[PDB]
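Got an experimental structure here, sequence first:
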Amino acid sequence: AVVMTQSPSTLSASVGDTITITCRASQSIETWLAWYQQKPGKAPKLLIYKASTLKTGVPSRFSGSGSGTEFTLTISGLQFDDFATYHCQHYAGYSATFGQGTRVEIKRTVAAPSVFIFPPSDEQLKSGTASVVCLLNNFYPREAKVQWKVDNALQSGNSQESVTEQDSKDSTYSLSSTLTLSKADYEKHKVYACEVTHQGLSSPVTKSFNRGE
Amino acid sequence: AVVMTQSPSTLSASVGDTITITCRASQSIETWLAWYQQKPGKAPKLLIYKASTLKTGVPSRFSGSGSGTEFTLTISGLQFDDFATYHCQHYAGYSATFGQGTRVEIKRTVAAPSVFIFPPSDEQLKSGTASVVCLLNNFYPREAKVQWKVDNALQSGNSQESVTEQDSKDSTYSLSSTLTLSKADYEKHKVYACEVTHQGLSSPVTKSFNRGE
Amino acid sequence: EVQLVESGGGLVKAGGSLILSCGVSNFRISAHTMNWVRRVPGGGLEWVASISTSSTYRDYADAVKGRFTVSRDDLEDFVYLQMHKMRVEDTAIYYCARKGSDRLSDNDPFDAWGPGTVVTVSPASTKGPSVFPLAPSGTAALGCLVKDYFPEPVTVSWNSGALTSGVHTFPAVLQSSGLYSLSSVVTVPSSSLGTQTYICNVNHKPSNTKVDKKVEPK
Amino acid sequence: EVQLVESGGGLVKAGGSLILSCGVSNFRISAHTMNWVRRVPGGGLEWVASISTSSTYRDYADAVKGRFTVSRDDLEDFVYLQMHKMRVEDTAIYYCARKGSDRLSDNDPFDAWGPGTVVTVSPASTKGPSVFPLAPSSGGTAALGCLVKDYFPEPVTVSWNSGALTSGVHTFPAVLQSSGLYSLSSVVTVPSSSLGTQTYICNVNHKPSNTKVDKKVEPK
């Protein structure tokens, strides 16, 4: 039952940089270690096995080192198609254990989100369902918290988020949170608010509206 | 490639009767024929195999005969545990085929259904859905047809039905049909009707209601 | 060339069961130890199960032992994953991976993966019923519609059981929504409307839900 | 007492896939030919599939050949049925039945059955999206959009002003709701000065349902 610890959890870098992801095992696993690439929505790709053996076909820019308890994956000359999540893996004859993953992203300057809130459409409300949408636009880095409050009561379990991939142009992310309520619930309360906390904001921003305007 | 034709499709009888179910094969199957009993919602029960051999535990009131293409299941002394569906089956080493099944029911006099229609409650409407219900009460035999019309337009794919098992006391059946529509569709139309065709009626009975009254 | 594809993913309610399968193209599984792995919403991979050649060994992540079973069918090149007593934290993308290398050794990494199939366990394991009147209007009929509950069964009595003659409670139907619905009706004297009170009592033991509903004329 | 139990039944959309399992108690399946049988709404039984001992022979009802696969796991005593490209007439209760008798022969009846698991194929394989405006209501920039809700399956494409407006658009990954239908939002940031002068219409294309919707998004 070996514990695998990757470091760092998020690694921000620029094209052309040379970076090193570390994987530490809680007890010696000799050289039984493999490294994998994974792209959002896609299957993992095997990059390295036996700690340092490069799989046929994998570009020579990837190189793996380490042994015992400490292992490193080094990418010398980071390219664009290399921005992805990397997983280390202890593989045994009949089982395996993975690290938590390391997300490699494009480095840029912190940028606070622009926050917008959208009441439900009259059409939807009439159909018996109320979706309220909170938009966080073009922010960096990816970590942000969005909390819904309905008449100052914190909401839990009734919202969903979706995050975009790093934007091709400004290297920012955008996020959508949708709060879903029954028509009756929505009409039982008046003030709807979404509170956004983010590293680029001096303090949290709360956007709100009154039902009926 | 063996077609099994069971006869009759429905057998109406009384407790104490001796009844005969016939099974015919499109071509000679020697004595490779088995009979099964199944009660509503229960697993099938093997009664007879090799055309005439009762499995251990099958009451002696059950018997089987036949060869070639013609087989007979006889029940000498119908009890209450015997009302059920019976299935014949040709079994081969690596495949099988079943007959359509024969439903054995309690004989009684024909009885026309009492028919009732129920509009959706306003509470349901307020929550976005409209179920209209048609009840066929205490009719016999079970075969009946229900057609939903909305402003005289026949419905399909938006209705479900359920039928009770034969009533313990008067040997009758009852049926429930639920037509389900969105608030929008329900509110687009005025006349809701359901039409019942059954051996006990001199012609189909239709009842209807007009939205709002 | 070598390909895998998983089938069977879907949305399941907590405590339910779901079976996934995995097929391949351009190789035979017979010589390969086959694995299941899942990617949890946080983004990390979690090893889930392994089954060796000849089905000699089956190993599971501690989180799933006792609930999941893995099987292999070498003759048709399929692998199966049975998931029972499923929990919210089983929600993930499931991948089917083979252990392999250009030359097979006793311990090769996971060199080929399927695209994945999304498995989602919704948090609510039950849902209490909504009850609506079927309002009446010599022989009158009235009743209650017990709608949008899960799982079965519910029990329905009328006036706490005092009214039994003429009552029919229908088998529930499974709506396209994945929730059940049934109706219970009673036939009564056309002159009992406004004088005798009628209240249907719905019990949904799986969700400890009790609902009393007065059905009055209109 | 010999027992069999099916698992995996549920609601499936037409064209979808579902896998059933069958487990046993108080005997081992290894010596038995195993079968799947279904009861259709009309009440009759239909033989669906059989898999012999050692998986030497697999046989299928003509109605399902090419779409179903049967498998055995003698070591843990399980049987599997894969059902793909499902049709409405596959809706039925599925029972897993053992071929057997007091003493085995080359041709025995079905002597033990499971209780059955309900499999329901809805006729609709597809459902078209609903489209709702996200009306504008800070500074020099305004955000507006469309909420594309309750469609199935993925994907949908969204264009703005028939493709003329591309700068600043974000169409988010769809998310799967507890209802089993998808939803997503597409938004665009535009000059605050453009509301009231410029018309903005989102064009939603759900090719899987051959559905198209044009939605005018206006203030208020």
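Sure, I can see it. Numbers count the residues shown, from 1 in each chain, chains lettered A, B, ... in the order given.

Give the helix, strand or coil label for residue C:41.
coil (DSSP: H, G, I helix; E, B strand; the rest coil).

Restricting to C-alpha, output the host helix or strand of residue C:121 in CSV.
In this assignment (DSSP states H and E), residue C:121 forms part of strand C:117-122. The C-alpha trace of strand C:117-122 is given here as CSV (Å, rounded to 0.1, in the frame of the first residue of the first chain):
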residue,chain,number,x,y,z
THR,C,117,-16.4,6.0,-20.0
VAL,C,118,-18.0,8.5,-17.5
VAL,C,119,-19.6,7.0,-14.4
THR,C,120,-21.6,9.3,-12.2
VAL,C,121,-23.1,8.5,-8.8
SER,C,122,-25.7,11.0,-7.8
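
And the contacts of the helix or strand just after it?
In the C-terminal direction, the helix or strand that comes right after strand C:117-122 (DSSP H and E) is strand C:130-134. Contacts made with strand C:130-134 from outside it, assessed by CB atoms under 8 Å, 6 or more residues apart in numbering or on different chains, are listed as B:118, B:120-121, B:123-124, B:127, B:131, B:133, C:141-149, C:183, C:185, C:200, C:202, C:211, C:213, C:215-216. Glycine gets a C-beta too; all of them are placed from N, C-alpha and C.

related to what we said a few turns ago, can the strand holding residue C:121 be found next to chain A?
No: when contact is scored as CB under 8 Å from any CB of the partner chain, no part of strand C:117-122 falls within range of chain A; the minimum is 10.4 Å.

so who does the spatially most central residue of chain A touch?
Among the residues of chain A, the smallest C-alpha distance to the mean C-alpha position (CA atoms, centre = their mean) belongs to residue A:142, namely 6.5 Å. Applying CB under 8 Å, 6+ apart, we find residue A:142 in contact with A:10, A:105, A:163, A:173.

Check residue A:175 too.
When the contact criterion is CB under 8 Å, 6+ apart, the partners of residue A:175 are A:113, A:135-136, A:139, A:144, A:146, A:161-164, D:172.

Can you tell me the strand partners of the helix or strand hosting it and which way each runs?
Using DSSP H and E, residue A:175 falls within strand A:173-182. Looking at strand A:173-182 with DSSP bridges, its partner strands are strand A:129-139 (antiparallel), strand A:159-163 (antiparallel).

How far off centre is the next helix or strand along the chain from the first one?
From strand A:129-139 onward toward the C-terminus, using DSSP H and E, the following helix or strand is strand A:144-150. Here the centre of mass of C-alpha atoms in strand A:144-150, compared against the chain's by CA atoms, centre = their mean, to the nearest Å, lies 18 Å away.

Over to stretch A:134-148?
When distances are taken as CA atoms, centre = their mean, stretch A:134-148 is centred 12 Å away from the chain's centroid.

Okay, domains of chain C per the record?
Segmentation of chain C into domains, based on curated CATH domains, reads C:1-123, C:124-218.

I'd like these written out as a markdown table, with mean neighbour count added.
Converted to a markdown table, these look like this (neighbours: other CB atoms under 10 Å in any protein chain shown):
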| stretch | mean neighbour count |
| --- | --- |
| domain C:1-123 | 19 |
| domain C:124-218 | 17 |
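
Pairing partners for the strand holding residue C:121, with directions?
Sheet partners assigned to strand C:117-122 using DSSP bridges are listed as strand C:10-13 (parallel), strand C:92-99 (antiparallel).

quick one, which of the ones you listed is nearest to residue B:186?
The stretch from the strands paired with strand C:117-122 with the least distance to residue B:186 (CB to CB) is strand C:10-13; that distance is 27.9 Å.

Contacts made by that closest one with the rest, please.
Contact partners of strand C:10-13, identified using CB under 8 Å, 6+ apart, comprise C:18, C:86, C:118-122, C:124-125, C:150, D:10, D:176, D:178, D:180.

Could you break chain A into its assigned domains?
Each structural domain of chain A that the record assigns through curated CATH domains is listed here as a residue range: A:1-107, A:108-211.

chain center to the last one, what's the gap?
In other words, domain A:108-211. Between the mean C-alpha location of domain A:108-211 and the chain-wide mean there is a distance of 17 Å, by CA atoms, centre = their mean.

and it, how far apart are its ends?
This stretch, domain A:108-211, spans 39 Å end to end (CA to CA, to the nearest Å).

Helix or strand: which one has the closest residue to residue A:54 other than its chain neighbours?
Nearest non-adjacent residue to residue A:54, counting by CB to CB, 6 or more residues apart in numbering or on different chains: residue A:48, 6.0 Å away. In this structure, residue A:48 is located in strand A:45-49 according to DSSP H and E.

What segments of chain A are helices?
Counting by DSSP state H, chain A has these helices, from start to end: A:122-126, A:183-187.

Which residues of chain A lie near chain B?
So chain A meets chain B at A:126-129, A:182-184 (CB under 8 Å from any CB).

Please check these and keep the buried ones.
Restricting the residues of chain A next to chain B to buried positions leaves A:127-129, A:183, with burial counted as 16 or more other CB atoms under 10 Å in any protein chain shown.

Please produce CSV containing the strands paired with strand C:117-122, extended by distance to residue A:29.
As requested, the strands paired with strand C:117-122 are arranged in CSV below (distance: least, CB to CB, whole Å):
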stretch, distance to residue A:29
strand C:10-13, 35
strand C:92-99, 16
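
And these: which comes nearest residue A:75?
Using CB to CB and comparing the strands paired with strand C:117-122, the one that lies nearest residue A:75 is strand C:92-99, at 23.3 Å.

Not counting that closest one itself, show me its contacts.
By CB under 8 Å, 6+ apart, the surrounding residues in contact with strand C:92-99 are A:43-44, A:91, C:4, C:6, C:9, C:20, C:22, C:24, C:27, C:29, C:32-41, C:46, C:48, C:79, C:81, C:107-119.

Near residue A:170, how many residues? Count them for me, please.
The burial count assigned to residue A:170 is 12, neighbours taken as other CB atoms under 10 Å in any protein chain shown.

ok, now how distant is it from residue D:170?
Computed as CB to CB, to the nearest Å, the residue A:170 to residue D:170 distance reads 11 Å.

swap in residue A:113?
Applying CB to CB, the value for residue A:113 to residue D:170 is 12 Å.

Return every residue with contacts to both of these two.
Common contacts of residue A:113 and residue D:170, defined by CB under 8 Å, 6+ apart, comprise A:137, A:174.

Does residue A:40 touch residue A:165 like I think?
Yes: if you go by CB atoms under 8 Å, residue A:40 and residue A:165 touch, sitting 5.9 Å apart.
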